[PDB]
Each structure stands twice: as structure tokens, then as C-alpha cells.
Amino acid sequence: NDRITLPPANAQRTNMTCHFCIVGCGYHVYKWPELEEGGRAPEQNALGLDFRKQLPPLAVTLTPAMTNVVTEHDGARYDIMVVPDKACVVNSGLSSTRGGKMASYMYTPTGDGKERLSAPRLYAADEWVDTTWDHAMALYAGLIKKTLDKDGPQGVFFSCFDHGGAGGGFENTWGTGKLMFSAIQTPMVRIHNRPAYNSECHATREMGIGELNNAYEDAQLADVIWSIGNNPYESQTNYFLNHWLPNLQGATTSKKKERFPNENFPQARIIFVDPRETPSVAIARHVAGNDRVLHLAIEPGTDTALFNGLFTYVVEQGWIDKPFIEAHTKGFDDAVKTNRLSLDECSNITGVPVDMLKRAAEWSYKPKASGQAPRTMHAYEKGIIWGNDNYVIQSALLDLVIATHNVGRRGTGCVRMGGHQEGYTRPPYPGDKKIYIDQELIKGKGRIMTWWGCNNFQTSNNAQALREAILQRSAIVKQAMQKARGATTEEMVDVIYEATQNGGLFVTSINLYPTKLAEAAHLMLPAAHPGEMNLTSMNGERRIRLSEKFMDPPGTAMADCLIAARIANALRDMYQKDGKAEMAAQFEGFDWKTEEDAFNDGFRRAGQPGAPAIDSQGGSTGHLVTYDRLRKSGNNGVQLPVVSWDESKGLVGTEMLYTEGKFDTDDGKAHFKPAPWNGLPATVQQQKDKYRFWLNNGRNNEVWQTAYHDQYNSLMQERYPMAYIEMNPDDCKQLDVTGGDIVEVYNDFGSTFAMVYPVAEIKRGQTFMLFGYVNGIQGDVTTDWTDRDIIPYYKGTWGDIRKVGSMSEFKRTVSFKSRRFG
């Protein structure tokens, strides 16, 4: 309304890391009885702010959306207020539009979270009904046991989160990982954002450089920052705002000069490698001026040619660190030969003028007058990770970075900007083959498929072929269940199993909401998010924090690691009763009562005496971390790896990796790799040769992922009723479409729809459509093409556009004004 209820001076306050993106901004959650409130005097409210007169600008981040009233299981009502933590070094009090909505997205029976799953849901042949947890487990474990018994693990499929933050985290990745890999032991597992059990960073890791190798403070110390296939203002907001912008503004120069007394520090500059002119480029120009920003608007998919050209040039100029190369690397001479490309050929391929390539290299690699090489931080994200051959692009980029010693020096690093937070602790993947899960399902394999904390109907590449196949296979199982009457659970398990021998697939979804998966699912289990449970995760500089529980989950919703334990124990008991002792033993190790038990069993046991093989981002010193120690550390947490712990110093961590040149390889040296330039993959080139528009796709600053909460928010639905597609104005004029019209976007892979958004900055023949949304799924037009490790070129597709008509209500209510600040 037109007022807010302030938290009382003695209100309960707990720490909460943002549920959403990688930055991991720190927040506080204030909780107090509904009928109580703080006073306006500063010492009479928990914010410590004086509300007796107008507050000055930047004094607070507080709106009604940052407040809510929750109802606990005991029926007691409590005001909550979720606001950023001014003292957290990550965000220094900043809140993005996504994390600012956290209070609104907490569960309440009447608010935006009204439709949260709060009980097991079953599609009982021809209708959705509630069912009990015991029944859901007897059915689910029943189908898994029958499949293991008759087909083995190859018949049990999963697509599961492997990330941090909400819907992820060290407790949850361990629970699900132990269940899929150690207990069920199935290799038929894909990850939430890629169709196989693989890494987004195979090349950099094999070269010896883990992708999160620096601190956000390094962005403050850099002479030059590169943002490659990345739109940080919109996708890693507060890292860009609290660390990158102060450097461009000159607010960090004295820090640089203080650390390095005999080194020149010119005004900081920034270079964007992105085919598209984004809000991040616009803001960088507004802040630093045009002359301090280079936008390398490369032809889509030409990153490898760009980096091979830059690498060739700095080697020819001698703008490399020869002593570092000779002492700490292997493979340089071979890389010089294999990656040779002139600046003229580089320019011809990328479309970037030779002068701009030379300027980017001079700003970045030519020695400063005082002698030292510039400190150049090379940040990258999905424009290359989901780019034209993930493995090859990274090989090319890291060669340039290694040769110029831009890892291990403060103010540098070659790092992923990140998506979700990270929070990975799991047993090793139980297989030696790379398996394209969506293709196996489309071809008819598997008896049961579980989507866990993800929604590939909206996010898989070649999503239309996936939805077509899953809906059809699901229908076969429904039709078979329709014939039954009075069937016990055991008889239904056989009925469903037999249907799967006839083309069917039993589908389960473990999630916060029904989602579009409900159009095919036969069973849905309710999960709990941070605040309804404790949860640990780390951000883009490896800073691990504990988000504290402060309220009850809706109904019987449960932490994911505890759902995994419930499933494991249901299967153990079934095998015990069937007299299969060896099989039952596979399901031991899940006697957990709370998520902290999963933290102790996974993260804290990595590398310890008697522990099994565990792959953990916490490494072997993870045991030094405990919930109590994290809580004492506050939202600042500790940067991993933890070096030590004692009562007097608390947890002590690591700011930057590779500062001594000891890389993560056999010989401790960084390894150069060849990067052949092959042009666009034939699958993508065929669409490009047949269709008119490059169908770039990605993030919008206000929308979070598949809009699972945003779909219920009235302001979000008013602003973005449909997925939009940015189009060049001359292209729009030619096709007679303008803001608010709806178009069909299509190619050989699929057909989808979007509302047109004319954007002056978009190049002719190019477009950009919001990905993974609830109204107009972009992925239907992405191809099935993936690199050698099955990493999709999501950003590589072309298609045609057909006008449907004018959506009068969108024209009346949606702004189509510029989202680029200028």
C-alpha cells in the first residue's frame, strides 16, 4: 500500500544469501509477530534508520515487495522483511531487482507463492489428485526397483540441478548425487542446463585453470576488463555495479597505487566481445565515455578466430610474458603454429576492423611505461560457453590469457562470470561414456525419467523435439493406467512398467511448482527453498555462506537432500523385504533428519579418512567449515579453499588461485591447446543458409530463468506478458511489425512465438529473444548440435519470422521503450 510496517528494534534477524544469481549478494531476514512493529526513531526499529523525516538517497533499499506476512505450521503469522546487508563485501548493501523480490517469493497461502507444491501430486490416469508421501514413494521406488531388477540402472533417467543457491547447494547436490550415483548407480543422468553429464569448462580445467580463479576485488584492481559473451549488468548485476563500475569511475585507483607503488595505472578500460550491443555496453560507455570502451561486435560464432588473431598478434609483437611461459607452461610453440591467423584474416572472419583488434591488444597486453604488463581480467559467460564449439573457443581464449600471464596476478584472472551460485559435492559420475540424454529419451529409451529442480520443457536445446516425444510417451502410460480398477500400488507398478515396454515413460518432477512439466508428469513432489531450510553455497569468487532457515515450508514440502534420503530409504526397505541384501546395502547412508546431515556427510567428509570418492568444490579442507562457523562469519563467509580455522581467527580462506604458478595439471604448469577455426557447425550453417535471422537468445535483467516465481507476479506479468524478440527497426519496418505485434519464429527444428520489441541497437538480420520463458519458449528453434563433450551451441541458430498480428492489449499496457541507458 502506501506504508510499510517497520521491524521492531528486537526483531529476529537471520542471514540469507540471495536465492538467485552467482553474485550471491548478502541479505538479512527480519521476522517478527504480525501485530507488532518498530518505531520511526532510529533506535526503535531494527534497520537503525530515522523514519521521522525523509531519508537521504542511497540510505536504504526498502519497498513493499521486500516485505511479506508468512503463516507458520502452527498457524502463527509473522511479518518478514528481506533486505540487503550493507556490510557484506560482495554487494555492499545493493539488491538487484531479482533478489529484491525475495520476500514476495517466500511462500504464503495468499501471495505470489500460493501455488507452491505442498503435497505429492499424482496424475491418476485421467486427473491430477493429491496423494500421500508413502504412496508416492511406494510407486516411485517401486518402479525404480522393478527397472533395476529387470533392466539395470540404464532404465532409470534423471535431469538434475548441479548448481548452488536455491534449488541447489552443497546439501542438495550431495543428496541427489549420492542417490543417483552411489545408490541407484545410473549413468543416465543429464544436468539442468546441458544434456549430458559433462562440464561447461573441460578445456580450461584440462589446461590447469579452474574457472573461478580470482576475487571480485580483482575487478577493482584491473587496468582492463574483458566481458566475453556476457551481459553483466543484466546477468551478474551487483558484481558489475559494486566492483566493475567503481574501477571505471576511478574510485579504486588509490587502492591500485597503494598495492603497487612503482606501477603506472591508466584510467581503466573495458572491452566487450558480443555480436549484440547490450545494456552493459551502453552503461560502460555512459560511465567511462566512448573512448574507454571497445565493443568488438563480432560475427556470431567467430570467437575462436578473434582469439587466434589476438594471440598471433601479441606473440608477433612480443607482448607476452616470456619468463612466465618458460617457467610455468607447456605447449606454447605448438599453439603459435596451430593457432596462427593474421589480423587481416581475423578481421575478415569476425567483421571487426583491424584497427580495433590492434587497439584491444594495445590496451590489454602492451607493457605499461613503468614496465609491467597491464592487469587484464578476462571474464566470460554463455555467449562462448554455449557458443560455437565450447571446447575450441576456450582453448583459444586461455592460450591468449596464459601467454600474457593474465591468471594469478592481482587485477587479472580468466573466469566464468557464472550463472547460478555454485554448491557442488558429489560422488564421481558412474560411467565412462558421454550420453546425450534428450536424444536417448526421444529415441525411446528409459522406463522412468525424473526432472529434479529443472524444467527442460522450457530450457532444453531442440526443445520442441523433446516436448513432442515426452508428451507422447507420457500419454502411453496414462492410457495404460486408465484401464485399471482397484489396483494396489504393486499392481499399478506392473501396469506402468508394461506400458514402458510399449513406448511409454513414467515421468516425475521434484520442484517448487507444477510448471509446464505438469502437462506430462505422472508424479510431482514438493521441495523447499532457502529460508524454509538451511543451505550452503558459494558465489563467483568461491565465497561460501550459510542461508539460515527462518520459516516453515508449505504443507509437506521438503529439502531436496531429504527427498533423496526418503527415496533411498524406501528402496533400501523394499530390497531388504525382498531378501536382496547386496542391493539394499547400496542404499545405506541416508539416515538423515535435517539438511545439515547432508552437509556433514558430503562436503565435510571430502578427502577424509575412510570416506568414499567425493568430488567437492570445498576440497579436502571442507571439514573445517560447519554451520556454526559460517554463521559467525556472517554474509562475508569465507573464500574457498579454507586454509585454516581456529577460535581466534575464525575461518581463513584464499583470495586468488594460481598466484605461484602451480596449476591444476600433471606437471603443475598451464597447458596451451590448439584451437582450429572450423566455421559454423554444418547443422547450424544449414539453418543459416535457409533462413533469414540469427536467433540470438538469453537473459533479461528483470526475469529470473524459467520465471517459476515471476509467472505469478502481477508487475512481471504486466511488463512481460510474453517472451519478446528484439529486432532491428529496418527489419521490423520491412516485415510491417512493431512493438506489441506477435510473430511466429521458426526453422527446421521448431516453431515458437514472441512479441516484437523494436531495438535500434540490433543489427540487420539479427534478433535477440528472451530464453526459457512461460509464454513463447525460445528453445524450440535451437538445434540439436553439441560440441565434443555434448555442450550445445544454444546461441547458434537461424530462422524466419512471420507476423501473426497486433496484440492490442500489449500495445496498451507494455512499454517497448529502450532498455539501453543513454
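One rule holds for the numbers: they count along the sequence shown, beginning at 1.
Trainee: Give the stretch, out of 132-140 and 231-239, with the larger mean C-alpha temperature factor in the deposited entry.
Mentor: That would be 132-140.
Trainee: Got a sec? Mean C-alpha B-factor, which is higher, 641-649 or 244-252?
Mentor: Comparing 244-252 with 641-649, the higher average CA B-factor belongs to 641-649.
Trainee: Using the entry's values, work out which of 538, 722, 296, 336 has the largest Cα B factor.
Mentor: Going by the entry's C-alpha B-factors, 336 comes out highest.
Trainee: Between 316, 532, 718, 277, let me know which has the highest C-alpha B-factor in the entry?
Mentor: The C-alpha B-factor peaks, among 316, 532, 718, 277, at 316.
Trainee: Within this chain's modelled residues, let me know which third the CA B factor of residue 593 belongs to: lowest, middle or highest.
Mentor: Tercile = highest for this residue's CA B-factor.
Trainee: Based on the entry's values, in what third of the chain does the Cα temperature factor of residue 367 lie: lowest, middle or highest?
Mentor: CA B-factor rank for residue 367: middle third.
Trainee: Can you work out whether the C-alpha temperature factor of residue 389 puts it in the lowest, middle or highest third of the chain?
Mentor: Ranked within chain, residue 389 CA B lands in the middle tercile.
Trainee: Within this chain, which third does the Cα B-factor at residue 285 fall in: lowest, middle or highest?
Mentor: Lowest third.
Trainee: Give the position of residue 418 by CA B-factor within its chain, expressed as the lowest, middle or highest third.
Mentor: Middle third - that is where residue 418 ends up once the chain's C-alpha B-factors are sorted.
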